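Chains as they are written, first to last, in the entry's author numbering: chain C, 1 to 116; chain A, 1 to 116; chain B, 1 to 116. Accompanying notes for the structure given below.
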Ligand SMILES: NS(=O)(=O)c1cc(C(=O)O)c(NCc2ccco2)cc1Cl
Ligand SMILES: NS(=O)(=O)c1cc(C(=O)O)c(NCc2ccco2)cc1Cl
Ligand SMILES: NS(=O)(=O)c1cc(C(=O)O)c(NCc2ccco2)cc1Cl
Ligand SMILES: [Zn+2]
Ligand SMILES: [Zn+2]
Ligand SMILES: [Zn+2]
Ligand SMILES: [Zn+2]
Ligand SMILES: [Zn+2]
Ligand SMILES: [Zn+2]
């Protein structure tokens, strides 16, 4: 899984253990090994929602599978509660997009996943 | 809609009202509510186009629908004109990718849009 | 092609010719014109892989075709080698996602590529 979390909260408000904790959360919920999860964090960024600059996170989650309709309900509930607990965001200021990828469209260790 | 606008123009050159005006523009062009529109702006960034560092914008627009072939002609005309007016970019310096999402792949308010 | 290279390596460590040389690399690999290749470089960013902050690059490659299964093996080999050479990254610290776009989802010069 490859996750990007962007927020307009400052970098000092996104704790240093955020990526590690999010890596544990997605490992368990997506059944993926920790060494196949990458997390990008972009804090202090300009972001609006409804043109408001109130605190918000916009997250992208890519994975090869593990993204059925029902799995995404569960990942959304978990990531949303996690951002509430760690970033203090309201439950309605966490916007997530999922991308279910084929292994032909992922490169790792110098070739595609499909070709590994 | 979840929109990301990246530019090599300095942050001081993307006016504070950019997100507001672009929110209004996309609400009208996509027939989407203002409170379902998020805009990320990333200025001051390293970007090249044909390896040139001349001013350019690279924009991603995600939406659940409202992205037909015909719709996308209208969004591109409107966004490209808006970047020309506000950022002074040439008409051939605004690069846009559209992602038409299913509602099972968007998380908002703690569950998927499909499950809401 | 529209390529995003994010890395936790500092900006001073990503050479000023990085984008020139990647633009040549992608033009030859994908058989796409140099003036249809944009690259975004986001260095100095928070990234973990397996929760490690060791040096890593997370890259997204979007293209109107040229991303067959076999094509993606070649692009992964070349881009991974290229990051080993220029950024001093290990082979297993280069994570790539490919997105194969329809021309109705790409806006350039004020209209879609499909409608050019
Ligand atoms: N190991 S796997 O086939 O389940 C696998 C699964 C995935 C996946 O994203 O599901 C993947 N994504 C790219 C990546 C992220 C971090 C390191 O490589 C790579 C691999 Cl090898
Ligand atoms: N209201 S809606 O069902 O048309 C809707 C539609 C969309 C959409 O993107 O089309 C959407 N994207 C996620 C989001 C962006 C900003 C706040 O939530 C969310 C919702 Cl709830
Ligand atoms: N020339 S083309 O039809 O093969 C073409 C191909 C692509 C493509 O991405 O394959 C494309 N992407 C948008 C873009 C990137 C840089 C400048 O415009 C645009 C065009 Cl016009
Ligand atoms: Zn920091
Ligand atoms: Zn599942
Ligand atoms: Zn600013
Ligand atoms: Zn307004
Ligand atoms: Zn620099
Ligand atoms: Zn060259």
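A virtual CB, placed ideally from N, CA and C, is assigned to each residue, including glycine.
Per DSSP, cross-strand counterpart(s) of residue i
i	result
residue 42 of chain C	C/6
residue 76 of chain A	In DSSP, residue 76 of chain A forms no bridge with anything.
residue 110 of chain A	BP columns for residue 110 of chain A are empty, so no partner.
residue 60 of chain C	C/4 and C/97
residue 119 of chain C	Any property of residue 119 of chain C remains undetermined from this structure, which presents chain C solely from 1 to 116.
Closest Cα partner of residue i within the set the options
i	options	result
residue 69 of chain B	B/44, B/37, B/16 and B/30	B/30
residue 39 of chain C	C/53, C/22 and C/45	C/22
residue 62 of chain A	A/42, A/13, A/116 and A/106	A/106
residue 102 of chain A	A/112, A/96, A/20 and A/13	A/112
residue 130 of chain B	B/79, B/33 and B/41	This structure does not reach residue 130 of chain B, given that chain B is present from 1 up to 116, and the question cannot be answered.
residue 37 of chain C	B/99, B/95 and B/11	B/95
residue 50 of chain C	A/35, A/47 and A/50	A/35
residue 47 of chain C	A/45, A/16, A/110 and A/79	A/16
residue 26 of chain B	B/11, B/110, B/74 and B/44	B/74
residue 65 of chain C	C/116, C/104, C/81 and C/115	C/104
residue 108 of chain A	C/1, C/115, C/24 and C/76	C/76
residue 32 of chain C	C/71, C/44 and C/110	C/71
residue 67 of chain A	A/116, A/97 and A/114	A/97
residue 83 of chain A	B/81, B/110, B/44 and B/79	B/110
residue 24 of chain A	A/79, A/93, A/100 and A/114	A/79
residue 1 of chain A	A/114, A/116, A/100 and A/115	A/100
residue 11 of chain B	B/85, B/43 and B/116	B/43
residue 19 of chain A	C/45, C/18 and C/28	C/45
Backbone secondary structure at residue i - three-state DSSP
i	result
residue 85 of chain C	helix
residue 68 of chain B	coil
residue 100 of chain A	strand
residue 27 of chain A	helix
residue 37 of chain B	coil
residue 32 of chain A	coil
residue 13 of chain A	helix
residue 91 of chain C	coil
**Q.** Cβ contact check for the segment 45 to 59 of chain C and the segment 1 to 15 of chain C: 3 or more pairs under 8 angstroms
**A.** Verdict: yes, contact present.
Q) Can you list, in chain order, the residues of the segment 98 to 116 of chain C whose Cβ is nearer than 7 angstroms to any Cβ on chain B? A) 101, 104, 105, 106, 107, 108, 109, 110, 111, 112, 114 and 115
Q: Identify each residue in the segment 5 to 26 of chain A for which the Cβ-Cβ distance to at least one residue of chain C is less than 7 angstroms, and report them in chain order.
A: 19, 20 and 23
Q: Name, going along the chain, the residues of the segment 36 to 59 of chain A whose beta-carbon falls closer than 9 angstroms to a beta-carbon of chain C.
A: 36, 37, 38, 39, 40, 41, 42 and 43
Q.
I want to know whether the segment 43 to 57 of chain C touches the segment 78 to 98 of chain C - three or more CB-CB distances under 8 angstroms.
A. yes
Q | Near-chain B residues of the segment 61 to 79 of chain C (beta-carbon distance less than 9 angstroms), N- to C-terminal order | A | 62
Q. Taking a cut of 7 angstroms between CB atoms, which residues from the segment 80 to 93 of chain C lie near chain A?
A. 80, 91 and 92
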